[PDB]
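Protein chains in written order, with the entry's author numbering: chain D, 1 to 392; chain C, 1 to 392; chain B, 1 to 392; chain A, 1 to 392.
Protein chains: 4
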Amino acid sequence: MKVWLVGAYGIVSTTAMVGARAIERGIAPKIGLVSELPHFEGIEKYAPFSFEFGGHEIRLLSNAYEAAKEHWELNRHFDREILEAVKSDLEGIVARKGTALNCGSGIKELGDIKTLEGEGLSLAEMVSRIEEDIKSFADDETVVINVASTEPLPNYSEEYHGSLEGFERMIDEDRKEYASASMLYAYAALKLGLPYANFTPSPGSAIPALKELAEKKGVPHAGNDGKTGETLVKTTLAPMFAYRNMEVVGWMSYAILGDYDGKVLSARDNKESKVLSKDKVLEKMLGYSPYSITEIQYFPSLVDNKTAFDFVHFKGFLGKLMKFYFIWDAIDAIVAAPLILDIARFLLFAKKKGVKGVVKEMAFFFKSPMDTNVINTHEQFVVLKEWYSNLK
Amino acid sequence: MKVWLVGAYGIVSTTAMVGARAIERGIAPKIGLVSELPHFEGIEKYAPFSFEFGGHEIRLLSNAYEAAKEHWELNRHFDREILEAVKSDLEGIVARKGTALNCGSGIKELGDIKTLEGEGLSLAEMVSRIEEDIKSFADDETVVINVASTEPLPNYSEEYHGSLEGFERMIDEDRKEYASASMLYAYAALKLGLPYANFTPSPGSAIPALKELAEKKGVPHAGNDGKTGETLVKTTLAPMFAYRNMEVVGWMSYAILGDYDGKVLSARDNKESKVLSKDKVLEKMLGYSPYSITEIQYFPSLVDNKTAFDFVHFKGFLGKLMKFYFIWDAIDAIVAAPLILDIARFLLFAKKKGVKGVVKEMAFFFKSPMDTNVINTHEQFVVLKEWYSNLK
Amino acid sequence: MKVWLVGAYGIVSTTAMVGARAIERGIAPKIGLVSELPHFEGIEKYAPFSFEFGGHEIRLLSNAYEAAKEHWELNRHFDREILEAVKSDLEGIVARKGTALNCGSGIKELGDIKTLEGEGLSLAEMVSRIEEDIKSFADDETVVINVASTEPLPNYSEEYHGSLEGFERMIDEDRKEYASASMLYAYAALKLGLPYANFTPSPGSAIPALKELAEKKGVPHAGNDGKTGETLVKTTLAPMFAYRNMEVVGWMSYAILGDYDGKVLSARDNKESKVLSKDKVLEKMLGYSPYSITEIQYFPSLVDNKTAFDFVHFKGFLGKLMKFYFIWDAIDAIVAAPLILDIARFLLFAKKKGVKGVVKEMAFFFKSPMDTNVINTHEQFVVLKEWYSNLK
Amino acid sequence: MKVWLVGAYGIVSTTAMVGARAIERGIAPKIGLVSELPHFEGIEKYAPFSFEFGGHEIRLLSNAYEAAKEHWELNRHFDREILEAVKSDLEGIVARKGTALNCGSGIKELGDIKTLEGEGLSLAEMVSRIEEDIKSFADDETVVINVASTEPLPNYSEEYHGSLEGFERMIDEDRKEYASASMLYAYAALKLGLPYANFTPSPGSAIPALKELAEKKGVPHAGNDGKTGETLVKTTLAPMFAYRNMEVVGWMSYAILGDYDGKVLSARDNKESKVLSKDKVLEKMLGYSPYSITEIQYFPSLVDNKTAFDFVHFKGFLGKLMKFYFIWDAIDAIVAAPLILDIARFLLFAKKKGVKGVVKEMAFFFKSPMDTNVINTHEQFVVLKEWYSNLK
Ligand SMILES: NC(=O)c1ccc[n+]([C@@H]2O[C@H](COP(=O)([O-])OP(=O)(O)OC[C@H]3O[C@@H](n4cnc5c(N)ncnc54)[C@H](O)[C@@H]3O)[C@@H](O)[C@H]2O)c1
Ligand SMILES: NC(=O)c1ccc[n+]([C@@H]2O[C@H](COP(=O)([O-])OP(=O)(O)OC[C@H]3O[C@@H](n4cnc5c(N)ncnc54)[C@H](O)[C@@H]3O)[C@@H](O)[C@H]2O)c1
Ligand SMILES: NC(=O)c1ccc[n+]([C@@H]2O[C@H](COP(=O)([O-])OP(=O)(O)OC[C@H]3O[C@@H](n4cnc5c(N)ncnc54)[C@H](O)[C@@H]3O)[C@@H](O)[C@H]2O)c1
Ligand SMILES: NC(=O)c1ccc[n+]([C@@H]2O[C@H](COP(=O)([O-])OP(=O)(O)OC[C@H]3O[C@@H](n4cnc5c(N)ncnc54)[C@H](O)[C@@H]3O)[C@@H](O)[C@H]2O)c1
Ligand SMILES: [K+]
Ligand SMILES: [K+]
Ligand SMILES: [K+]
């Protein structure tokens, strides 16, 4: 099958690519893959484990391999051995020039960039290129997935984002102030009939205009924002306090990392996107809302090794306060990368079983799962098993 | 309703009584009571939150209040005012001489004991004494619940544990060598047709002879070993790794604690009763069984304040190792006590609804749940609920 | 000896009074007291363990006992019995009205205050009101220690803070814009010719004009800012890395607390008095400044129980990164309170031995020790000992 | 200079050798070297950073590179490029074959082992062989350091370890029962007049006989048992409770690791060279002896990454109990390796200043420093600094 990756030269993206190839050349195991669980025996019928990649980028790198080496140099998140073995495959994967429209202050920090707006094109022209790019690539087994830098919170317009009609008038009128890259990509994907996933907190296909378009074309989509670490933990074990009828009075989650993302998610301008994101999460599991703090800080030396420190303060019998601490030490790309392959496969699966619009039941992969209040990891996993089983 | 507590001047038992009476006196909240959770609404008409207490002990104190105060002095795990407000009630609660039969070398650590065997009695007699004690206290709404100190591994005997007939020939013969307190209390409870629960890892009613007795007498029973702290975290958190097809290469649980259960369990004699519990435990959620060390150690100054340390080492995508740490800081009688009153009510409910034998569906409370492979905190919770909804 | 506490009704200050009295009455041990270490045997020659208290406050409560009861109610940081036994002496301690001048947006967070400038008074009357308050109380064995709420960064002025001439003019020409309470309190202790110590990040006697005052007056003074918890471990543990020629690539401190202080410092403009610190702390022990972050966050449920998480990333042989984690769990007032007395005893000694100006040698007590580069806790202790031995 | 290494194919040893060649090759920096700290400027007039390696082993590996690589495969503790860079240097390093006498059950773990007593040799000629291997290799500027696997407790012979005569009688008389490998190589070193150091808890040169010899021959020597991680933290952190007049009421150290030594110290009978050695550590810094458990468990997946969990429970003002937790995560070979070279450098310096016998002043490097009580890292460092200055 074919995967088109928005932000194709990033760590998550290339680790997923490196990984797809290593597994297919049979020199890496299938650990990490949700689609490779016993319960999903059968899915290779509808979406074999086989991947061809391309994607969009704004960064000035030569091909996927050069990108993967750069990330590997600073993180050694996998055996050098593995990288050298896929050097050739990844070298033949060259990204096409993207758009960074409305991507914020922090885009400097990617180093040297090249954009479609940088060539001085109209919105129509840019949309049109992105479309061309993917279509020349796309077959009937193609999915599009966004893994590009988190955008700020969009310049939200009722006119231009409230309806598909409105969104297209935005394109046609060349009204760039209203568009964000993620919208354009997602539009293009749904526009060409291609399943789309948003792995980021950027708006992507979340706006009503793109949900409308998704529904009308008959195209499945999912998101948003992959639940890969500390949040997976939170949503896996907050429910333990509800089951035991204990009152969580405070929850602290403090996470640190370096690399392109943490260095941008720093300034509380762009820091806003993951501070609402971890307590209304809690009320939807406990049915009340403890005092919750949620923070990410820059910490250069850690690079992609996002580390998180959680404290849970809770009352038990006779209201006695008690304490729970945990530390999460993982490489972000390693926990994310496989989910991109899982999502690609589940989405193709959904396409072929005729699913249209938002795939509620894929909540399991995300922190802002669209169209659902099912947040508790356990219920989510059951939901995904059961959605898979019923359609199979 | 009535609750006969085996080990009744224990900190769990006393905390239970203190909290039952405080809640009833309207002077403490109802946090921690699983039977108080919304899904369990209506349980009141079969098992109201109304409690009377008696029990067996081998410790020499005057009454439950002195026991309670003794633990409270060293522990201060509830407000002094609650202690005073419940004084006259627990002063009215007087345990009856029990049996230390085959309870391990470290029964020396409780210090001052008088026991039924200690009178030079026989099995036939001990048993009639234990029964008379209970029959004395019992109505149609009495449950017997074991929270006595953890017994060593019992001497094995298929003749005497294999079947009711064998056990009863054991009693008849006074073959004390193959008998243990937990068993005799269990036998007594079932021979009077009262529901029975085993909050401890002692064999209790779990031997085949006593399951048969329960079946034949038509009484519900449940256990074993209440799942209160760290093990709750383990059966809640381990499934996460399962859901993300991650391979745990190592699980470490080290816990320190003081108080009575500290010294005894740490040594050799009774430490062999919660080590074989946590890789077969893991095997039943991971589906495989990783290097798993499990250990408890004496640490005086901590008293009843069980502190556990856990390190989980797991591979994700591409074979890449990552680490997860947690620290559980709780007062053990606090997580334990409410579950005693929950086990009570739920047992009275089962009895009223015609349940007999093991109630598998009360696994949610136990570290070694009988007759179930369901160990996942979430699967056990759904199972508890469904059970309830299906008999309600 | 007499001790005059600015911020008299605060937890830190009330706990010191409770401890002072409790130790005098013979109902508490002498743990926590640097002045009570065997090196300082001899000290009671000049600074015995006896204490009379007085103080300024701005909150309306009857006496130091109500002040202490409030704090204990929320915190339960010592036995009910300790409180009860000192009820008498502490009811005999009534704080006199002070100034809340320029003390931040968080002065709103203290509930109901009444203040000297609240009577619409002038800098000159306010100062002499302060001095007359301390002057009745004060004898030839009286010290003044500041434990008031953290002020924001002072309004910068080199005309008014650079010289005592400029400071007295500020007072003469009533320029409240350049004056904060902590400076006014300090000016008064020192004009009245009394030892002064500042246990807070506020300027206090550290403005140049005030050091000038203390020198010209020949008065000893110590400060600033108690090093009671997290920062103690930092100044004790950092050296280890320097001793083994390892390179700290990064250090994080993340503290949470509630209670009055957590409230006040939760505002951004009152938080700033603890961000620009433990970078320049680190370079003063390591000789290079690693990437450091320090943060305090409001966390209501913890009350005065500060809990700090630190992470240190560091390079050793062949530049391999390694990791060190720590969690600090203490009641702030408990660790603060003893030093208050310790400082009082040490200041009164200093004075008696004719010491004048900044007592560099009390660096051991402080996060921002004045006039000194000795930050290393061990180096700091040794100085405190030799300074003392050299005067004994 | 020349360093002869006992256990030359170890991870500590081969990492030291890998590191030394990298630094000389100028392809890695000098992080981790105590001797490269400023206070020692000039140490190299007497002890340049210049190293030639030889040693004793029982494992069958071709040369020092095969060994380094084998460890590297499993640990990836330094860069694959460093290994290639130094391959040819390490390949010229062939270990000469030594003795495994009375190193107990934990020598079956190592693999294919060949020894001197394996040839059915007598103590006389095993020693002779050992001195012949070394003398051959050694010049006026050679050191012997022990980094071999930890022995079980030596067999007790007061006659044979009480005095030089005794010891050499043991040899002439072939009393194999009473010697072990540490003792033999140490004897062998001091006979040839080379300085000796013992990085292991093995007795080595610390028996009265062998220090008798060192004096007699005017040879300097140091040990025992490198202080590399957890214990370092402890000897650094415990004095903070002393300085602050607090009482430690319990200390827990729980360390897990895999690889050779983790295998070795798992079996209970070898775990006992670090059982008595950590309350007597605390005492020597604290004044009193608090409850203190120190434990090490096998954890295969960690390989050489010794992780440790510490919990200090402590009383402060008014007897209030507080908690401190830390987690050390390092690679034991990285923390150790530099100290091997440092130790060699200080030893040559010592030799060259006429120092003889136990050099107590090098305690800084050790867990059980010979002939000294100074345990506190801070004090040890100063002592190390001062000693060097006194002989500079
Ligand atoms: N486990 C995880 O890492 C995790 C978890 C949840 C969500 N996410 C989301 O996934 C994203 C993955 O990024 P990463 O971790 O690989 O960091 P990264 O810095 O390696 O990736 C971002 C990449 O996208 C490119 N890009 C940015 N804007 C673009 C645009 N407008 N058009 C085309 N390309 C663009 C950048 O040049 C960069 O190559 C994160 O930024 C976050 O939004 C990640
Ligand atoms: N979190 C928890 O506290 C928890 C969790 C799981 C299981 N348990 C079970 O609870 C038991 C006791 O816990 P506790 O916290 O009350 O400790 P505890 O030692 O204070 O209580 C046990 C009490 O039972 C008495 N006793 C011992 N043997 C007896 C016997 N044969 N007959 C009658 N009384 C006897 C003892 O004198 C003591 O007073 C443990 O043995 C354990 O098996 C507790
Ligand atoms: N271990 C520690 O708690 C520690 C460590 C370092 C620094 N400090 C400093 O000590 C201060 C007090 O600590 P606390 O725990 O008692 O908190 P707290 O808020 O309970 O104490 C502050 C008290 O001072 C009073 N006050 C405020 N402004 C005043 C003014 N201008 N004049 C006279 N009185 C005033 C307030 O009414 C309050 O009662 C902290 O804000 C901090 O600046 C404490
Ligand atoms: N941070 C640390 O790793 C550190 C700290 C303190 C103490 N130590 C000590 O250092 C030793 C080495 O550590 P390691 O992790 O490199 O273990 P390792 O097993 O990899 O190295 C020890 C080597 O010595 C060899 N050996 C065993 N007995 C011998 C004998 N009698 N003669 C010659 N060679 C022999 C073994 O074959 C092995 O290769 C430990 O056993 C321990 O006593 C190490
Ligand atoms: K990432
Ligand atoms: K207990
Ligand atoms: K770690």
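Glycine included, each C-beta is placed from N, C-alpha and C at the ideal position.
The three-state reading of DSSP puts residue 155(A) in coil, since its state is none of H, G, I, E or B. A distance of 7 Å or more separates the beta carbons of residue 164(D) and residue 214(D).
Bounds of the beta strand (DSSP E) holding residue 3(B) are 2 to 6. Burial check for residue 371(A): the Cβ neighbour count within 10 Å stays below 16, so the residue is exposed. Shown in chain order are the members of the segment 250 to 266 of chain C whose Cβ falls below 7 Å from a Cβ of chain A: 250, 252, 254, 256.
With a threshold of 7 Å between beta carbons, residue 48(C) makes no contact with chain D.
Distance between residue 262(B) and residue 365(B), taken at the CA atoms: about 21 Å. Every residue whose beta carbon comes nearer than 5 Å to a heavy atom of ligand 6 appears here in chain order: 261(C), 332(C).
Shown here, residue 146(A) sits in a strand according to DSSP, grouped into three states. Spanning the alpha carbons of residue 169(C) and residue 160(C) requires a straight line of approximately 7 Å. A heavy atom of ligand 4 is found nearer than 6 Å to the CB of residue 228(A). Per DSSP, residue 9(C) lies in no beta strand (DSSP E) segment and is marked neither H nor E. For residue 313(C), the closest Cβ of chain A is nearer than 7 Å. Bridge partners of residue 52(D) according to DSSP: 2(D). Contact with chain B is found for residue 330(A), since one of that chain's Cβ atoms lies less than 7 Å from the residue's Cβ.
Chain A places a beta carbon closer than 7 Å to that of residue 245(B), counting this residue as a contact. In its chain, beyond the 5 residues on either side, 197, 359, 362 have a beta carbon closer than 6 Å to the beta carbon of residue 222(A). Rounded to whole angstroms, residue 18(C) and residue 97(C) show a C-alpha spacing of 22 Å. Beyond the five residues adjoining it in sequence on each side, residue 139(B) comes within less than 7 Å, by CB distance, of 2 in the same chain, given in chain order. Closest by C-alpha distance to residue 258(C), out of 40(C), 302(C), 162(C), 330(C), is 302(C). Sequence-distant partners of residue 11(A) (beyond 5 residues in either direction) whose C-beta falls short of 6 Å from its own C-beta, in its chain, are 71, 304, 333.
Contacts with chain B (Cβ-Cβ distance below 9 Å) from the segment 52 to 84 of chain A involve 77, 78, 79, 82, listed in chain order. Under the three-state reduction of DSSP output, residue 76(A) falls in the coil class, being neither helix nor strand. Not a single CB atom of chain A sits nearer than 7 Å to the CB of residue 178(C). The beta carbon of residue 224(C) sits closer than 7 Å to the beta carbons of 198, 200, 201, 204, 206, 366, 368, 370 from its chain, once the five residues preceding and following it are set aside; these are given in chain order. Interface with chain A (7 Å Cβ-Cβ cutoff): residue 291(C) is included. In terms of Cβ geometry, residue 283(D) and residue 289(D) form a close pair [threshold 7 Å]. Proximity to residue 49(B) across 75(B), 57(B), 22(B) peaks at 22(B), based on C-alpha coordinates. Ranked by Cα distance from residue 180(A), the options 25(A), 102(A), 122(A), 351(A) are led by 102(A). Contact between residue 323(C) and residue 329(D) is confirmed by a C-beta separation of about 4 Å, below the 8 Å threshold. DSSP places residue 221(A) in the strand class (E or B) of the three-state scheme. Proximity of residue 300(C) to chain A, defined by a Cβ-Cβ separation below 7 Å, is satisfied.
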